[PDB]
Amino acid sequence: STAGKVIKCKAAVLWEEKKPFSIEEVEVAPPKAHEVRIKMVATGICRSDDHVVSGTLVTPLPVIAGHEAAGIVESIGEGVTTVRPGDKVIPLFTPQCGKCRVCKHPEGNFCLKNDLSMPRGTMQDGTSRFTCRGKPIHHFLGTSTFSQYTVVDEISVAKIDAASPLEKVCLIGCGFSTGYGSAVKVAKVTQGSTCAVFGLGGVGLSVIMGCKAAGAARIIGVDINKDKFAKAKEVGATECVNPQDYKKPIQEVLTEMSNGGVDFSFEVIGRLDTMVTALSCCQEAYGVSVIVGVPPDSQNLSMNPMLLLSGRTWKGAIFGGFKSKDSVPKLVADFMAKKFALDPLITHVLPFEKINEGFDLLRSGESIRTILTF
């Protein structure tokens, strides 16, 4: 009924930094060859979307942000083979072209077709499917989920179980998969280990879930907002520490608590200082520290390389190291089989039109994930 036609629909457009989203009418072009137009069902509010508003994460403006979502295929362009109209889907902010040297590497997931390194804010063909006020509007990470309809490249969508609950599994589109994979795949957390997780938002709680799944003995949650601790303990933190309660810097506290440093630390905030602290608190000879947080654009940290010379490993990852199009349908199948939980991450549900209240809930410290329903 809409196939082959321009859709007029509502989207949350960001015209300028540090301004509220504008809910207004946009035009969504029909999909071209190897593109997929999706009716959005649910989208989460991830701190990275807030980083676009704050200018922490630089992408071309004006933009339709949003990258953690689930919906139903409205129509496919010529040549699409991996999804059909009416399929349930999760957009992939990290693509999986399956052809590039990274997609073919056993341990790589940062596909060379990504729009993260050198953001253009377009479809793969360098154009936009969105018009607003007669102007072209940029895409975000090849997803743009803060719209009733979006168009993505085939390499940026995965078909998921026909019976999945989209108002939950949208979190597999970013925050859950990222934290979980950061522990089980990137860190490769071991049975009986001691973990330190810096930041207890949706991504940090997911990291804790992965640390518990891996059989960690101790999981120490770290956050300056003690209101985060209860939920962190429910999903497996054995202890929580607030840096503001100690006279000593928290890497010293954690080193003592762990009898000379943790096996695995995670930075799940996005600050240069906590990236160095998290590295410092892992054991000097065999500790591993994983950066998950997104730091302010173009800013360098300063560190003493003697932290690494002693034996520490420092690494980072996008999307928990998961090859996105292979992994997302398996993660949904595992969720359906109750292998992990998503409800502990969901604190608030709002309609899409209340997106600005959703960003307020995050910025105040009150929410973990708000799910917007269309």
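Residue numbers here begin at 1 and follow the sequence given. Basically, rigid core = biggest C-alpha set you can superpose within 1.5 Å across the two forms.
- Higher-deviation segment by CA RMS in 4 other deposited structures of this protein, core fitted, 48-56 or 311-319: Between 311-319 and 48-56, greater C-alpha deviation in 4 other deposited structures of this protein belongs to 48-56.
- Name the stretch, 100-108 or 250-258, whose C-alpha atoms sit farther from the shown form on average in 4 other deposited structures of this protein, taking the rigid core as the superposition reference. After the core superposition, the stretch with higher RMS deviation in 4 other deposited structures of this protein is 250-258.
- Hey, which bit's got the bigger mean C-alpha B factor in the entry, 171-179 or 78-86? Averaged over C-alpha atoms, the B-factors run higher in 78-86.
- Message: Regarding 233-241 and 93-101, which shows the higher C-alpha temperature factor on average in the entry?
- Response: Mean C-alpha B-factor is greater for 233-241.
- Item | Top Cα B factor in the deposited entry, candidates 130, 146, 266, 246 | In this record, 246 carries the highest C-alpha B-factor of the candidates.
- Query: From 329, 320, 66, 344, which pick has the Cα B-factor that tops the rest in the entry?
  - Reply: Spelled out: the listed residue with the top C-alpha B-factor is 344.
- Comparing against every modelled residue in the chain, figure out the third that the C-alpha B-factor of residue 338 lands in (lowest, middle or highest). Highest third of the chain for residue 338's C-alpha B-factor.
- Classify residue 120 as lowest, middle or highest third according to the C-alpha B-factor given in the PDB entry, relative to its own chain. Answer is middle: the recorded C-alpha B-factor places it there.
- Message: Is residue 33 in the lowest, middle or highest third of its chain when residues are ranked by C-alpha B-factor?
- Response: As the PDB entry reports it, the C-alpha B-factor of residue 33 lands in the highest third of its chain.
- Comparing residue 349 with the other modelled residues of its chain, is its CA B-factor in the lowest, middle or highest third? Residue 349: CA B-factor falls in the highest third of its chain.
- In terms of the chain's CA B-factor thirds, is residue 139 lowest, middle or highest? For residue 139, whose C-alpha B-factor we compare with every modelled residue in the chain, the answer is the lowest third.
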